[PDB]
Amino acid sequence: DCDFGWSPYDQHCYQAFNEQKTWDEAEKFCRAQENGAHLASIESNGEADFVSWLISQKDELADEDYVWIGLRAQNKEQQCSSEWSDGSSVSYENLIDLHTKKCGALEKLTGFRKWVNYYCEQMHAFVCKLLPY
């Protein structure tokens, strides 16, 4: 039972929002939609194709580089390389003034299919996925 603005696919409902939000703002927004949605997960080929068609069809969208989906690293360090190339492990880190690429996005130049890790605090358009009631 999808609402106007949402597109059905495979028992879920999807909507690409042209508001530009941080990855956290986008997820929170999605949760506040209908009976509570999330940034889209992509769980298959078919769905990747669907989400990709959904975006490429949203006209406000735009010319837009990146589109958030629900991918986030968890993490737990602030970079994910556990060892230096000499086999030693990383204890001291100097990540002051460096932003992390721990949120996943779809990208215009790769047809909104391939996943790109990118900076979470960057504002972009996004896709919500919902299981209707």
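Quick note: we count residues from 1 along the sequence shown, nothing fancier.
Legend: mean Cα B-factor per stretch from the PDB entry, 61-69 versus 23-31; the higher mean is in 61-69.
The PDB entry reports B-factors from which the mean C-alpha value can be compared for 70-78 and 85-93; the larger average falls on 70-78. Among the modelled residues of its chain, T100 has a C-alpha B-factor that falls in the highest third, as given in the PDB entry.
In this PDB entry, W115 carries a Cα temperature factor that places it within the middle third of its chain's modelled residues.
Sorting the modelled residues of the chain by their CA temperature factor places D49 in the lowest third. In the deposited entry, the Cα temperature factor of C2 places it in the highest third of its chain's modelled residues. Among the modelled residues of the chain, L109 sits in the highest third by CA temperature factor in this PDB entry.
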